[PDB]
Structures are given as structure tokens and as C-alpha cells.
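Only one chain comes next, encoded as C-alpha cells, the form deposited in one PDB entry.
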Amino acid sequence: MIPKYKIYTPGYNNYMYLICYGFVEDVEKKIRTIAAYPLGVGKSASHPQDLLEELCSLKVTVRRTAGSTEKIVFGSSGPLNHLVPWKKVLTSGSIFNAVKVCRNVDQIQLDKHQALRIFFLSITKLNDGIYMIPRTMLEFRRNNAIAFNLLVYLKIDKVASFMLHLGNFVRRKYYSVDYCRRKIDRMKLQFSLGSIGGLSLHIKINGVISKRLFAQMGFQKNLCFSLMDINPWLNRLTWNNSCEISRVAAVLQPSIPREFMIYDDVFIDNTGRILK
């Protein structure tokens, strides 16, 4: 009923990333499912309430289609005033993979018209931009390597976890929890939340990092990971619910599948610093 917003400031924040959520309903109100409509970045100094109220006035059509996977096409909308920085997305058709932006696309009807009734807006205040490690770099696996993964635990208003990959180290040696904790502590990792793709985890490397790992991170000290890519099912649970990082552990694992039969995981609990 009452539309709401949430703002995140991970890390002169002139840029704002927007993602809104709405009920997909029969225009004819039978609710079919909830869907996310990512709008991307725009330079804006408008207050969230003004952006939220203008988004709620828009008429956005929802059409279900297929390619290699199920897709959702959000129809063009307008007119705009505070949302003019996002006019490229809002005034044209936008197509997304249904798995990422909807939990029950199987319930959206084809024989009757469907519309999105926006009820929530999530905002990430940015310095813009966000850097993400390329998908091909994240998928690289090698023999005799230790994948440096992080296990993030979220408290949602329910405790849940998601895992992300930072890079690999070459394996030598008994990797104790104490030795690894010392090396990871020297990196001075800082974690914070955003809403890029629903929920995003932002990492700032504030300490020392080896040249090998830094090269795998594109020589970037600020990294962003979207829960939409890590786990799109858990991502749905964070959309219009307040989230907080409760704990972060580092999990050092083998890199190739055959080495999972040989080497067990090294679990280093409570790594880094959560920026409140």
C-alpha cells in the first residue's frame, strides 16, 4: 500500500543507481508476482521521496516473452521530471532475463494485459563508478591453486549466506587458520552494502595485497559484486527488506574440481571490517 524507499551509501555522491519493485497485476486487482525493474545510474540531486512518488505515477506495461530463456519486457513510460536523468531506460522498452528480475514469471499471463504497480525504490548513492571483476576472470580455475572466497552472512528483516570469489593464490605447506588470518588481515578489507541488481556487496582494499591477486582484481581497490549474479533466488528476499551484513568469513578452497577430493576448505571466521 504505502510506497517506500531505501538508500545505501557504500564505502560528493552526485550519481544514483535506481532499482524499483512492483506487483505484476492484471490490468482488467489479482496480483500475479513481484518484479524488479533495474534503471541504472543517473546524475541527480533529487530526494528519494520525489523519485519514488514520480515512479509510482508511471504506467509500466509488463510482457512475458522467450529467447534462449524466459524474458520480461518492461514497456516505455513517462512523462518525466525528476526521472529525466533515467529517460534513456524509462522511455524505451527494457528486456531482462526473468530469472533475475522475477520469482514467478510462470504466473504472468499471456492472454491478458499485465502492468507493474511500483511499491518500493532502492537507491545506491555513488561517486561515479562501480567496478566488477569480469565474468571470465571469476570463472578461471587452475591446478595447484587456492581460491580466495568470502562467505557473507546477511541478517534480513532470517539469516542467510552467499559466497563470492576474489581470485586465486598458488599453493605451496600446511595452511593453518592463523597463518591465513594474518595475511588476510593485512589486506584490510572493508565491506558495505548497496542495491546494484537488488543487493550488492562493495569491498574496499585498505591495506596490502600481493601483485598476483591485485592483477586478478584489475588493479582495483574498490570492487562490487551483485547478489543478482551470485544467487538470484536469495536476491529476491532482499528487494524490499532491510539488510545488514552480520558476519564475513574467508573460505580458502581448491580451484579445480579434482582437487576438491584432495584438499579440504580453510575457514577463517570474522575477516575484514563491516562498515556500519
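Residues carry their position along the shown sequence, with the first being 1. By rigid core we mean the largest C-alpha set that fits within 1.5 Å across both forms.
Below, we refer to the form deposited in another entry, which is not included among the displayed structures.
Peer 1: Just one of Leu80, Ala98, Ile205, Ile118 has a CA that shifts 2 Å or more between the shown form and the other one on a core fit; which is it?
Peer 2: So the only displaced C-alpha belongs to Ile205.
Peer 1: Hey, does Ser46 budge by 2 Å or more at the Cα between the shown form and the other one once the core is superposed?
Peer 2: Superposed on the core, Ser46 moves its C-alpha less than 2 Å between the shown form and the other one.
Peer 1: Is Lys71 one of the residues whose Cα moves 2 Å or more between the shown form and the other one, with the core superposed?
Peer 2: Comparing forms between the shown form and the other one, the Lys71 CA shifts below 2 Å.
Peer 1: Rigid core superposed, CA of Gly22 - does it shift 2 Å or more between the shown form and the other one?
Peer 2: The answer is no; the displacement is under 2 Å.
Peer 1: Please say whether the CA atoms of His202 and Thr136 come closer or move farther apart in the other form, knowing the change relative to this form is 3 Å or more.
Peer 2: Pair moves closer in the other form.
Peer 1: Just to spell it out: taking the C-alpha atom of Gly198 and the C-alpha atom of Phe214, is that distance smaller or larger in the other form than in the structure shown here, given it changes by 3 Å or more?
Peer 2: Compared with the shown chain, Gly198-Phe214 is farther in the other form.
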